[PDB]
Amino acid sequence: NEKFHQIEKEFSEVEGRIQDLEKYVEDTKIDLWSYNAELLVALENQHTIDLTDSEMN
Amino acid sequence: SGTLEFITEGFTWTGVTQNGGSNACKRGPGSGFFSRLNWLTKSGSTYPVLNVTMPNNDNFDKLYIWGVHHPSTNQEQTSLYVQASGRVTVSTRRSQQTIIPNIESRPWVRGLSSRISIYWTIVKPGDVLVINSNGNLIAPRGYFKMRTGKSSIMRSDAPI
Amino acid sequence: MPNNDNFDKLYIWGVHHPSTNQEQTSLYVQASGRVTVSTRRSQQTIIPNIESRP
Amino acid sequence: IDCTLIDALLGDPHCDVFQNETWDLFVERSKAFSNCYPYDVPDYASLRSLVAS
Ligand SMILES: *[C@@H]1O[C@H](CO)[C@@H](O)[C@H](O)[C@H]1NC(C)=O
Ligand SMILES: *[C@@H]1O[C@H](CO)[C@@H](O)[C@H](O)[C@H]1NC(C)=O
């Protein structure tokens, strides 16, 4: 995951419409990646527990 | 763009005094100014209508930084530019920017009530830059070479 | 020009920007023109630039 | 063909064929060019977007 120039994510002044949109985009991205990270480790651990139980059987 | 590469160009400003300085911007012991900007004032008793063109014969984009001076009194306006009202127009074949200076007394910073507004203009290859000024022009001295790439900027107080 | 229809109208208009004072006065006479287009909720006021452009 | 959507909106003579036209998708070509009075549209992208929509 290699990113360079992006958008500003911290703001020192109240601006309104454009800043509301920049904040909303980043908050949307973070919530979606946070969901992906949570679901991934859940599916992974369930599968790891199953495959190690399977080897014993 | 990732660079501050500046190339000085041969602008000819006929009829005006160049390299204006200010004690709010000392360089060394004496007064100075922004190194990349050129503060033009009257020469003798006249400030002519400047009309300069600078074509781009290169294969890259040129970035031009320029400005307009906002005096604080009518006395400062006439004693610098003769004309009671200045005007700065910077255009290309596809854009124009006209700025009328405001003459107002603003809060004092470094002993100054006056101000400068900064503007910019990108000139594509094959296009030309045209500057037309009746007064109050803070002229460019050249262009910055523009690039595309992986460069960016960050706010941080972390040590390197 | 009132809008007495039940739909929105899109108007396209413009402002001419001469290159010389003689071109300005030989066309519009006035030394400096002005174009103002307005509705009850908007106003667009434009002063033409007399400039010699590329 | 030779016309941009804004040129056909304004009525550039070589775009007269596009008067009163409709479309689901308007296709602009690289070869397009203007051949009328030199003009400038502040917020060109927005006028192009709302006409195209
Ligand atoms: C900027 O860089 C060029 C090429 O790297 C160099 O030749 C020139 O002296 C520099 N110009 C200025 C104004 O610093
Ligand atoms: C000012 O410069 C423009 C751009 O080249 C040119 O067309 C025009 O004739 C010039 N006007 C005068 C008075 O030199």
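Both counts, for ligands and for their atoms, begin at 1 and track the order of listing. Any value given below was found using the heavy atoms of this structure, including those in side chains, with hydrogens, waters and symmetry copies removed. Naming: A, B, ... by sequence-line order, numbering from 1 per chain.
- Contact of the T4(D) side chain with the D7(D) side chain is registered, since non-hydrogen atoms from C-beta on lie closer than 4.5 Å.
- Annotation: cation-pi pair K145(B)/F60(B) present, NZ/CZ under 6.0 Å from the ring centroid and within 45° of its normal.
- Using cut-offs of 30° and 60° for the angle between ring planes, the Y81(B) and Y47(B) rings count as perpendicular.
- The side-chain hydrogen bond (donor to acceptor under 3.5 Å, both in side chains) test with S152(B) singles out one residue from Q6(A), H5(A), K3(A), and that residue is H5(A).
- Which parts of ligand 1 touch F6(B) is read off a 4.0 Å heavy-atom cut-off, strictly below it: atoms 1 (C), 11 (N), 12 (C), 13 (C).
- The only option from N56(B), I122(B), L129(B) that meets the side chain to side chain contact (heavy atoms under 4.5 Å, CB included) definition with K62(B) turns out to be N56(B).
- Put simply, no part of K145(B) is less than 4.0 Å from ligand 1, judged by heavy atoms.
- To the nearest 0.5 Å, atoms OG (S34(D)) and OH (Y39(D)) are separated by 4.0 Å.
- Each of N51(B), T53(B), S52(C) has a non-hydrogen atom positioned under 4.0 Å from some atom of ligand 2.
- Taking the centre of each ring, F11(B) and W13(B) come in below the 6.0 Å mark.
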